[PDB]
There are 2 protein chains.
Amino acid sequence: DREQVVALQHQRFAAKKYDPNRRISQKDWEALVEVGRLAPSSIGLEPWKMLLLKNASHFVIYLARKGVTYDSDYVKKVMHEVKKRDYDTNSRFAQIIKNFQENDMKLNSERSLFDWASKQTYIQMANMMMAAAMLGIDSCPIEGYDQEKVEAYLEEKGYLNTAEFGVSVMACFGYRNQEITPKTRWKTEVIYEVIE
Amino acid sequence: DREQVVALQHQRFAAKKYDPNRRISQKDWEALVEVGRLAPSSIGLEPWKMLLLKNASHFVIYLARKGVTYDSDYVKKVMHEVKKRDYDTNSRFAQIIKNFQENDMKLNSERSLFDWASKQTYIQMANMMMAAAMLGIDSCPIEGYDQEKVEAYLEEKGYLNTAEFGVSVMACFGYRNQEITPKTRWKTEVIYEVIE
Ligand SMILES: Cc1cc2nc3c(=O)[nH]c(=O)nc-3n(C[C@H](O)[C@H](O)[C@H](O)COP(=O)(O)O)c2cc1C
Ligand SMILES: Cc1cc2nc3c(=O)[nH]c(=O)nc-3n(C[C@H](O)[C@H](O)[C@H](O)COP(=O)(O)O)c2cc1C
């Protein structure tokens, strides 16, 4: 019920202290990765790839694809292989994607295109954290790293092709070893308004 | 259990056809807005505001704040009013925010700053769609609008101060009047990899 739904939003908090002797089970972790696999994305393009840093219980680096444009190899690939659509750059549909990105959304630079794909990964990460809370597992979203040094690092180890992907965001997962931090938020009237 | 958690991810789909005679109850809607209020954000800044377009059952326009920088009026405001932190631009902490944004995240333009705040709103919208699915309510995330015309429109009606906010994304909520669309996604090995 709605009481339970709201309660879960308090259970989900940014856990900073983790129980080093309790790990997420193999099966629970596979379910959370599945949650990430099944996340929605704009135009269904899934412009992402997740890395588990095995080398908290589990640490995920979310990658977002670069240059995901109507005429890109990746878009043609996902449309054929996943969507089973006979996609080509001169179709009405390709042209709808082109207008949507270039004009509707002003995705006119490499950075704006990358940040657009990165937004989709925030859905993917959010869904995982919320599913983790449903399983009684804690998480913390993580932006606090130097993106240039991290990407140099990953590229050096051979786990990032910087032409194709950039690092988007990270999250860790495990079991908390601290109390649930009470929420502090703006009051409803400040962050929500009805138009007429 | 994990079976139920994964099942929910199939229940949540992009509903395009809605039952025009069934509306979300007042209490269920207030719970979903609460889900949006309680969403996490980078540095806890909540750089957002939601609008219900009342003038699917419920249509939400997610706004993200512009120019949310270490020295901005908004950051000083949220730190004091919500976090009850005696924040000032010359503190170690203000300087950590400055370095994080400018250097770690390369937020060096109005657009990059705006898209960073917009990413946080995708978490907010994701959490609402997932909570909606927990309540048996359907949703569709929506990027398919012309951002310039929409923002001109909202500004004209007096519901958008374009100096302070931009439109980030939209979503609609209600009850489906069609079958659940089966998921099509990349296979696990394509979108997920373990480092060592
Ligand atoms: C995208 C994003 C990035 C975050 N990055 C960090 C981080 O790098 N380090 C950290 O300690 N907390 C990080 N957080 C946690 C936020 O401080 C926290 O979510 C926010 O204060 C709201 O608190 P709550 O998550 O407990 O509800 C991040 C949160 C978000 C959503
Ligand atoms: C951020 C984003 C924006 C979307 N915008 C639209 C849209 O404007 N119009 C539409 O029909 N569907 C839109 N969708 C729905 C996607 O096509 C859909 O999520 C994707 O194909 C995956 O299918 P599923 O959501 O049913 O799992 C959007 C989805 C995302 C996440």
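Within each chain the first residue of the written sequence is number 1 and the count goes on from 1 in that order, possibly differing from the entry; residues lacking coordinates are omitted. Here every chain gets a letter starting at A, and every ligand a number starting at 1, in the order they are written. Excluding hydrogens and water, the side-chain figures rest on all heavy atoms present in the structure. Residues with missing side-chain atoms are left out of burial classes, side-chain pairs and their counts.

Deposited coordinates in this entry are attributed by the record to X-ray crystallography, at a stated resolution of 1.90 Å.

Enquirer: Describe the side chain of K49(B), naming the residues involved and giving the relevant values.
Expert: Secondary structure elements are defined from DSSP: runs of H or I of at least 4 residues count as helices, runs of E of at least 2 residues count as strands, and each element is numbered from the N terminus. For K49(B), the position within the fold is in strand 1 (residues 48–53). For every residue, the accessible area (1.4 Å probe, protein chains only) is compared with the maximum for its type, and the residue is labelled buried under 20%, exposed over 50%, or partly exposed between those bounds. By relative accessible area, which is 18% here, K49(B) ends up buried. For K49(B), the side chain forms a polar contact with the side chain of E193(A), separated by 3.1 Å. Within 3.5 Å is the distance limit for a polar contact, defined as a pair of N or O atoms, with the added protein rule that one can donate a hydrogen and the other accept it, and that residues adjacent in sequence qualify only through two side-chain atoms.

Enquirer: Requested: an account of helix 3 (residues 73–81) of chain A, with residues and values cited.
Expert: Residue and element names in this part refer to chain A. Buried within helix 3 we find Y74, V75, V78 and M79. The arc that holds the buried residues of helix 3, viewed along the axis, is 130°, so those residues lie on one side. On its buried side, helix 3 packs onto strand 2 (58–65) and helix 4 (92–104). Each C-beta atom gives one direction from the helix axis, and the arc is the one those directions make. By definition in these notes, contact holds between two residues if any of their heavy atoms fall within 4.5 Å.

Enquirer: Give me the lowdown on the interface of chain B and chain A, citing residues and values where you can.
Expert: Contacts between the two partners involve 77 residues from chain B, matched on the other side by 77 residues from chain A. Following the grouping adopted for this structure description, the nonpolar residues are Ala, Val, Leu, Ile, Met, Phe, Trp, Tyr, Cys and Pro, the charged ones are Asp, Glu, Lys and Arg, and the polar ones are all others, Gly among them. The class makeup of the residues in the side of chain B that touches chain A is 39 nonpolar, 13 polar and 25 charged.

Enquirer: Residue-level account of the site of ligand 2, with values.
Expert: Nearness here has a simple test: a residue counts as near a molecule or strand if at least one of its heavy atoms is within 4 Å of that partner. Close to ligand 2 lie 18 residues, the nearest being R12(B), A14(B), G144(B), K183(B) and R185(B). The environment of ligand 2 is shared, with nearby residues belonging to chains A and B. Within the contact set of ligand 2, an oxygen atom lies 2.7 Å away from a side-chain nitrogen or oxygen of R185(B). Starting from 620 Å² of accessible surface for ligand 2 in isolation, the protein chains cover 82%. Mapped by element, the contributors of at least two residues to the shell around ligand 2 are helix 5 (110–134) of chain A together with strand 3 (138–142) of chain B. Among the residues making up the shell around ligand 2, the classes are represented as 8 nonpolar, 5 polar and 5 charged. Under the convention used here, a 1.4 Å probe and the Shrake-Rupley method define accessible areas, while residue burial counts only the protein chains that appear.

Enquirer: Just give me the short version of the pairing of strand 3 of chain B, but keep the residues and values in it.
Expert: Residue and element names in this part refer to chain B. In terms of residue burial, strand 3 counts as a mostly covered element, since 4 of its 5 residues are buried. Strand pairing is assigned whenever DSSP identifies at least 2 bridges connecting the two strands. Pairing of strand 3 with strand 4 (residues 165–174), which is carried by 5 bridges, proceeds in the antiparallel orientation. What sits directly across from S139, in strand 4, is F173.

Enquirer: So what's going on with the packing of helix 1 (residues 2–11) of chain A against helix 2 (residues 26–37) of chain B? Residues and values would help.
Expert: The axes are straight lines fitted to the C-alpha atoms, using for helices just the contacting stretch, and the angles between their N-to-C directions are given from 0 to 180°. Relative to each other, helix 1 of chain A and helix 2 of chain B sit at 5°, their axes nearing to 10 Å. In terms of orientation, helix 1 of chain A and helix 2 of chain B fall into the roughly parallel class. Where helix 1 of chain A approaches helix 2 of chain B, its residues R2(A), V5(A), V6(A) and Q9(A) are matched on the opposing element by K27(B), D28(B), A31(B), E34(B) and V35(B). Its residues assigned to classes, the contact of helix 1 of chain A with helix 2 of chain B comprises 4 nonpolar, 1 polar and 4 charged. Should an angle lie under 35 degrees it is considered roughly parallel, over 145 roughly antiparallel, and from 65 to 115 roughly perpendicular; all remaining angles are considered oblique.

Enquirer: Please provide a residue-by-residue account of the UniProt feature "binding site: FMN" (unreviewed entry) in chain A, values included.
Expert: UniProt positions are given in the numbering used here, feature names are shortened, and annotations may be inferred rather than shown by experiment. When the UniProt feature table is mapped onto this chain, "binding site: FMN" (unreviewed entry) is found at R12(A), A14(A), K16(A), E143(A), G144(A), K183(A) and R185(A). Looking at the element boundaries, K183(A) is found in the loop between strand 4 (165–174) and helix 7 (188–191). Residues within four places of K183(A) in sequence aside, it is in contact with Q9(A), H10(A), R12(A), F13(A) and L38(B). Here the side chain of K183(A) touches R12(A) through a polar contact of 2.8 Å, landing on its backbone oxygen. Within the fold, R185(A) resides in the loop between strand 4 and helix 7. For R185(A), a relative accessible area of 17% puts it in the buried group. Look past the residues within four positions of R185(A) in its chain and what remains in contact with it is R12(A), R37(B), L38(B), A39(B), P40(B), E46(B), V82(B) and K83(B). Within the structure, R185(A) has its side chain in polar contact with the backbone oxygen of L38(B) (distance 2.9 Å).

Enquirer: With reference to specific residues and values, describe the site of ligand 1.
Expert: Residues in close proximity to ligand 1 total 18 residues, the closest being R12(A), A14(A), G144(A), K183(A) and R185(A). Ligand 1 sits at a junction of chains, with neighbouring residues supplied by chains A and B. One of the backbone nitrogen or oxygen atoms of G144(A) is found 2.8 Å away from an oxygen atom of ligand 1. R185(A) is positioned with one of its side-chain polar atoms (N or O) 2.7 Å from an oxygen atom of ligand 1. Counting only elements with at least two residues in the shell around ligand 1, the list comes to strand 3 (138–142) of chain A together with helix 5 (110–134) of chain B. By residue number, the principal contributor to the shell around ligand 1 is strand 3 of chain A, which donates 3 residues. For the shell around ligand 1, the residue count by class is 8 nonpolar, 5 polar and 5 charged.

Enquirer: Pulling in residues and values, what's your account of the sheet that holds strand 3 of chain B?
Expert: The strands that make up a sheet are held in pairs by hydrogen bonds between backbone atoms, and each pair lies either parallel or antiparallel. With mixed pairing, 5 strands are arranged side by side in an open sheet as 5(A)-1(B)-2(B)-4(B)-3(B). Each of the sheet's edge strands pairs with one partner strand only, and the pair in question is strand 5 (192–195) of chain A together with strand 3 of chain B. Sheet twist, expressed as the mean angle between neighbouring strand axes with direction ignored, is 25°. Note: strand 1 of chain B against strand 2 (residues 58–65) of chain B, 5 bridges, orientation antiparallel. Across the sheet, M50(B) pairs through a bridge with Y62(B), a residue of strand 2 of chain B.

Enquirer: Explain the nonpolar core to me, and be specific about the residues and the numbers.
Expert: As used here, the term nonpolar core means buried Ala, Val, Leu, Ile, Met, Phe, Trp, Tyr and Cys residues forming a set that is joined through side-chain atoms within 4.5 Å. Formed by 90 residues in total, the largest nonpolar core has its most connected members in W29(A), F173(A), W29(B) and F173(B). Every residue in contact with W29(A), bar those within four places of it in the chain, is listed here: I24(A), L52(A), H58(A), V60(A), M128(A), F173(A) and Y192(B).

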